[PDB]
């Protein structure tokens, strides 16, 4: 066919916090992630989780393998820590903006290292949550990550929006207005 690349086995782990993640993607799209604290596979496309199965244990093994490897590498590196990077976000509609017409607003945050972020939406300058969704930390070739959030809205009113990006290789949260 065409070029296709599968991302099968992707594991992340961070030390203070024992925070980890495991995912699978195809052509840059997230197939599913495995809920670790509750040990279950969460398909981004439900219809997909009904035709194909992935036992969580698999993901769970790699997380352990990495917990293991982190402790070993951290030492080997004589404890060099992660140097911080500043993310860049982008807000845009998933569909043609029509007056009164329900839409979903998307915020694209890239250059995320580490996989620690608080991306937050607000017309106000204080939050509003319904239709607020998030993807897992998507992997980048340069070993940085990127995350997307959504907002479900219909356009006339209060119309000012903002995607607040809090990350410490960073300062103003990043208020990206739309």
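If you superpose the two forms and keep the largest set of C-alpha atoms that fall within 1.5 Å, you have the rigid core. Residue numbers count along the first chain shown, from 1.
Requested in this report: Consider 13 to 21 and 155 to 163 separately and indicate which one has Cα atoms farther, on average, from the shown form in 6 other deposited structures of this protein after rigid core alignment.
Outcome: Of the two stretches, the larger average C-alpha offset in 6 other deposited structures of this protein falls on 155 to 163.
Query raised in the report: Do the Cα atoms of 137 to 145 stray more than those of 44 to 52 in 6 other deposited structures of this protein, or is it the other way round, with the core held fixed?
Result: Per-stretch check in 6 other deposited structures of this protein: the more divergent one is 44 to 52.
Query raised in the report: Is the mean CA B factor in the deposited entry higher across 147 to 155 or across 133 to 141?
Result: The entry gives the higher C-alpha B-factor average to 147 to 155.
Report task. Read off the CA B-factors in the entry, average them over 95 to 103 and over 75 to 83, and name the higher stretch. Result -> Looking at the recorded C-alpha B-factors, 95 to 103 comes out higher on average.
**Report entry** Highest-ranked of 41, 61, 111, 125 once sorted by CA temperature factor in the record
**Finding:** The record points to 125.
Query - Candidate residues 34, 52, 65, 119, the one whose C-alpha B factor the record puts highest - result: Among 34, 52, 65, 119, the highest C-alpha B-factor in the entry belongs to 119.
**Report entry** CA B-factor placement of residue 17, once the chain's modelled residues are sorted into thirds
**Finding:** According to the entry, residue 17 has a C-alpha B-factor in the chain's middle third.
Query - Third of the chain's Cα B-factor distribution that residue 175 belongs to, per the entry - result: Residue 175: CA B-factor falls in the highest third of its chain.
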